[PDB]
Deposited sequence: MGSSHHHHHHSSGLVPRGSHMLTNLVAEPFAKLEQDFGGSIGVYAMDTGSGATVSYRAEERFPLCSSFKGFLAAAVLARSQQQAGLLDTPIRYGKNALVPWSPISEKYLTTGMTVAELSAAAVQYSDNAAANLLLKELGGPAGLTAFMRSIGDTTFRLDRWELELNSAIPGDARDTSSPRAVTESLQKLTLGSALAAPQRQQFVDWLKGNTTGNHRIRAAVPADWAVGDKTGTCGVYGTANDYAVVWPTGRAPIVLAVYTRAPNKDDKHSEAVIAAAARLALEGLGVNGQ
């Protein structure tokens, strides 16, 4: 049903993209689900999944320490700036990237994977032909209208998230670690999580470009007594000065309602 989403995005003053999947029944909710939206920091969830995939062929990868200096620091590195010189393990960097959106951590891990093209290669390997990362933090946040760099679609985000958290794309230990990192995210309390009852489990990764009304969140949600739901909510707006969380929460509420999920 497009009517409620159309009213929401008109009130917002931009475009809202939603794809939600009930993994039990297969029912879906789609609104602008195949349009490209900027990933912004939301790429960092898939980055951590790619690191975990690498751990399936490199023993002890997650506990390997990476040393870095002031030169590795990027604005908004709230974890990595505290562990300078002495460095952090690959697992610590991955958790910081997912749960605090740490920019230096993300760029360090990106470097280990061969840059944006290496993360894109990992997404291709799990069957995602839509995702593309082209740049690093912070340039990937430009969110220019019509620019395909550093974008995906809500549908492709949800499908890949499902494969990685609930399907067979990662081995079982790596899958659970990915879920656990998403569950511990600290940046999403006002987005999808605000639409989810307190007694349901949720893991998410947010993104905020800071321009063009562009922000997003994707999540796996475990209601009690039924199969998990996977969903993605992305926004953008036509003007650079347009502001982007309540709209994301409202869109998530509508998506769950459209799936018949009482919550």
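Practice problem: Could you please spell out the deposited residue ranges that have no C-alpha entry in the coordinates? | Solution: No coordinates exist for the deposited residues in 1 to 25, 270, 290, so these stretches are absent from the model.
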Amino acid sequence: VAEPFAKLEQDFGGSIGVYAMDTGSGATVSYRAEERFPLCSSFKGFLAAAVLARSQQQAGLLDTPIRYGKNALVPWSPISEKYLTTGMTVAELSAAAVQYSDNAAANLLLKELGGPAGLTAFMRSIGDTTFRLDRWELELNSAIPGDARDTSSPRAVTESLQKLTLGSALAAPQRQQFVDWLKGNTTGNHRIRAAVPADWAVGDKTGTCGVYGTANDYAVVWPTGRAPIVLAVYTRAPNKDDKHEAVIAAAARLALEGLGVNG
From here on, numbers count along this sequence of modelled residues.
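Here the rigid core means the biggest group of C-alpha atoms that line up within 1.5 Å when the two forms are laid on top of each other.
Quiz item: What stretch shows more C-alpha movement in 7 other deposited structures of this protein relative to this form, 84 to 92 or 173 to 181, after the core is superposed?
Solution: Greater root mean square C-alpha distance in 7 other deposited structures of this protein: 84 to 92.
Self-check item: Higher C-alpha RMS shift from the shown form in 7 other deposited structures of this protein - 192 to 200 or 65 to 73, rigid core fit
Solution: If we average over structures and residues in 7 other deposited structures of this protein, the farther stretch is 65 to 73.
Practice problem: Averaging the C-alpha B factors as listed in the entry, name the stretch that ends up higher: 134 to 142 or 81 to 89. | Solution: Stretch with the higher mean C-alpha B-factor: 81 to 89.
Exercise. Would you tell me which stretch averages the higher CA B-factor in the PDB entry, 145 to 153 or 160 to 168?
Key: Higher mean C-alpha B-factor in the PDB entry: 160 to 168.
Quiz prompt | Residue with highest C-alpha B-factor in the PDB entry, from 207, 238, 60, 45 | solution = The record points to 60.
Quiz item: From 221, 194, 29, 66, which pick has the Cα B-factor that tops the rest in the entry?
Solution: In the PDB entry, the greatest C-alpha B-factor among 221, 194, 29, 66 is found at 66.
Quiz prompt | Third of chain Cα B-factors occupied by residue 215 | solution = Tercile = lowest for this residue's CA B-factor.
Quiz item: Where does residue 182 sit by CA temperature factor within its chain: lowest, middle or highest third?
Solution: Lowest third of the chain for residue 182's C-alpha B-factor.
Practice problem: Give the position of residue 232 by CA B-factor within its chain, expressed as the lowest, middle or highest third. | Solution: Lowest third - that is where residue 232 ends up once the chain's C-alpha B-factors are sorted.
Self-check item: Chain thirds of CA B-factor: placement of residue 49
Solution: Middle third of the chain for residue 49's C-alpha B-factor.
Quiz item: Among the chain's modelled residues, which third holds the C-alpha B-factor of residue 24?
Solution: Within its chain, residue 24 is a highest-third residue by C-alpha B-factor, going by the deposited values.
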